[PDB]
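Structure, as structure tokens:
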Amino acid sequence: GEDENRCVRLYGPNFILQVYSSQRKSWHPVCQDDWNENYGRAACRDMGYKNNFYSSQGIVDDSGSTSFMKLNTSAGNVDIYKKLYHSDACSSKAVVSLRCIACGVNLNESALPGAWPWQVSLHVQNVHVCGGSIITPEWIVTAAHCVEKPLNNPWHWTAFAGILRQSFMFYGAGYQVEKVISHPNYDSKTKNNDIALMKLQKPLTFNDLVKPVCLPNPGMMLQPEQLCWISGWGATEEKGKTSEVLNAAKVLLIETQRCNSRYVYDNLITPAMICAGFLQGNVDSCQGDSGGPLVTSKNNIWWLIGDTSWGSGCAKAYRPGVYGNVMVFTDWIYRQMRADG
Amino acid sequence: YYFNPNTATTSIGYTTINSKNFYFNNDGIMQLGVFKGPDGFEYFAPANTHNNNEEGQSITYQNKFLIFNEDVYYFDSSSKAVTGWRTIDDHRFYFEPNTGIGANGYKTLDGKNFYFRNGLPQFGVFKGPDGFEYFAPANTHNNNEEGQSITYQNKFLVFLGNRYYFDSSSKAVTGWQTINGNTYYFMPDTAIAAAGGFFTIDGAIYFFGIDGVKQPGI
């Protein structure tokens, strides 16, 4: 009962802790009574975050559902999720909110230092090949086509964080990647499920210039056309190369029913893919921005939407770019972090 | 400029002054950078670069790299710039015998062809005197060295999302091609097979699936 009756999930933009109820086949929140920091740490560790704990507090219930996995005290030194049991309603009037890692905060054309602390550059043979996105001190998200077949040893890659100038990414100064994990479903032709995990050999030290980017929690309600941003080293000019500077471009999401139209991609886009162009063109991703982060701001937190997959003109819009859906893979990401622990 | 106190002649080339070594060009101008000394290449660094060294004085500087006006060098334990193949941190670099700079571009060597960028062989497809070639990692085919060009005939190559196709001569094709009944197009300036959306080729419109195969569309 470890692939069901022991699964916890944070929910919503407010980080509402939940526990699965096999008896009723549902996700339920947890009442705040009897709860302390220790069970918050246990719920974080179970979720693959290991020792990362940020804050837990009670928040007035807003989802509206009337049911709770109430905790026990006299059960003994047993599994934490051996205790959580159902109840009609607690008297504390508060549900638990649990943040396992501080993320999604940045300092307030080219991008200034500390504006995208979660951006990294990946160096195969001293040359910028793919970007990335920090999610924890020792895990970076990128694409599967970056690390496929010929290039798949962790000994080929190296990461640079907090440095803005490609000229300033010296040899022997990056972070060595100690493992490369590609999604098993990844299909080299359709590039479906194009996401890879690249575990660094040493943890990243977080400061004003280096910081994580939060993962998409379930139930985010992305509006039809958000206002995202795209970052990475590329070339705004076509027929270009890896830009000397890190840039950033406002991009607008595109509905999958429009992006799969026959003027755009005629069903090329699968459920695990996301489009984000910009009307009037003049802005999109580009080479060297493949494997880079697409992020948005909702409820005061920078969220990770996806990572770059492919395009057909790259600032020649009416053929916009495509990114993998981080939300869909988040459970596999959690599993991979959990097993490695 | 330095003039000999005895003969008043301007110094040229490697010169030792008050036990301090300096280099002067053919015009007698003191130079900063790397030049060949009697025992090998030496670095005449700016002032105060090491132990309050004077401007243009050779400084002890080996067992680390050197970036100077986009040029790359490396000095061994003897403070002399290294040339030829050298294994640094389990990686091989090649430096020009004449100048010692890091290698750049296609460079045939002893029957093995590479494509250097700042002295480090690169992986992938890069144009050479005959065309493009699959410069591949080590031991990818017949005990080939790291980045050495390898024989890759009549089969596709996928690399960072780039789909190349090679012919019988182990050179990547370009322009229109037909393979196993599937019509392709490969960008002439990169040999990258167009893929994934409408493309403007020869002043027309062509749609290619992300496998790269063309879509007729009439």
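Per Swiss-Prot, chain A residues shown: 142-249, 260-492, in order.
How was it done? The header gives electron microscopy, 3.2 Å.
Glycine too: its Cβ is placed from the backbone N, Cα and C atoms.
What Swiss-Prot records for A:149-242 is domain 'SRCR'.
The disulfide bond annotation in Swiss-Prot covers A:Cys172-A:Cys231 (among others), and the record cites experimental evidence as its basis. The Cβ neighbour count for A:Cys172 (disulfide bond), using a 10 Å radius and every protein chain shown, is 23.
For A:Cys185 (disulfide bond), the same-chain residues 6+ apart in sequence whose C-beta sits under 8 angstroms from its C-beta are A:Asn193, A:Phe194, A:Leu239, A:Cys241. Look at Swiss-Prot and you will find A:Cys185-A:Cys241 (among others) tagged as disulfide bond, backed by experimental evidence.
According to its DSSP assignment, A:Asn213 (N-linked glycosylation site) is coil. Cβ environment of A:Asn213 (N-linked glycosylation site): A:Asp175, A:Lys224, A:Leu225, A:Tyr226 lie under 8 Å away, each six or more residues apart in the same chain. The feature N-linked glycosylation site is assigned by Swiss-Prot to A:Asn213 (among others).
According to Swiss-Prot, the N-linked glycosylation site annotation covers A:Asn249 (among others), on the basis of sequence analysis. Cβ neighbours within 10 Å of A:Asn249 (N-linked glycosylation site), excluding its own Cβ and spanning all shown chains: 6.
Annotation source Swiss-Prot lists disulfide bond at A:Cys281-A:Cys297 (among others), citing experimental evidence. Secondary structure from DSSP puts A:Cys297 (disulfide bond) in a helix. Annotation for A:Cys297 (disulfide bond): spatial neighbours A:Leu273, A:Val280, A:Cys281, A:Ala347, A:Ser441, A:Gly442, criterion Cβ-Cβ under 8 Å with sequence separation of six or more.
Its Cβ placed at the centre, A:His296 (active site, charge relay system) has 24 other Cβ atoms within 10 Å. Here Swiss-Prot flags A:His296 (among others) as active site, charge relay system, drawing on experimental evidence.
For A:340-470, the entry in Swiss-Prot reads region 'HKU1-CoV S protein-binding', with the evidence type experimental evidence.
Among the features that Swiss-Prot reports, active site, charge relay system is placed at A:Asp345 (among others). In three-state terms derived from DSSP, A:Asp345 (active site, charge relay system) belongs to neither a helical nor a strand segment and is classed as coil.
Residues or ranges marked as disulfide bond in Swiss-Prot: A:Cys410-A:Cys426 (among others). In the three-state DSSP assignment, the secondary structure recorded for A:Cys426 (disulfide bond) is strand.
Neighbour list (A:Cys437 (disulfide bond), Cβ cut-off 8 Å, at least 6 residues apart, same chain): A:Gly383, A:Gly385, A:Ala386, A:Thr387, A:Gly391, A:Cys465, A:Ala466. Classification of A:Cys437 (disulfide bond) by DSSP places it in coil, neither helical nor stranded. Annotation source Swiss-Prot lists disulfide bond at A:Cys437-A:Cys465 (among others), citing experimental evidence.
Annotation source Swiss-Prot lists active site, charge relay system at A:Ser441 (among others).
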Euclidean distance between Cα atoms of A:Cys410 (disulfide bond) and A:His296 (active site, charge relay system), Å: 22
Residue among disulfide-bonded residues A:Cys410, A:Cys426 with least C-beta crowding, 10 angstrom cut-off: A:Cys410
Most Cβ neighbours inside 10 Å, all chains, among the disulfide-bonded residues A:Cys231, A:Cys241, A:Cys281, A:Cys465: A:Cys281
Subset of A:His296, A:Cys437, A:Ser441 (recorded positions) with C-beta under 8 Å from chain B: A:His296, A:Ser441
Secondary structure of A:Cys185 (disulfide bond) (DSSP, helix/strand/coil): helix
Least Cβ-crowded entry, counting other Cβ within 10 Å, from the active-site residues listed as A:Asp345, A:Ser441: A:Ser441
Between A:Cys410 (disulfide bond) and A:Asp345 (active site, charge relay system), the C-alpha gap once rounded to whole angstrom: 18
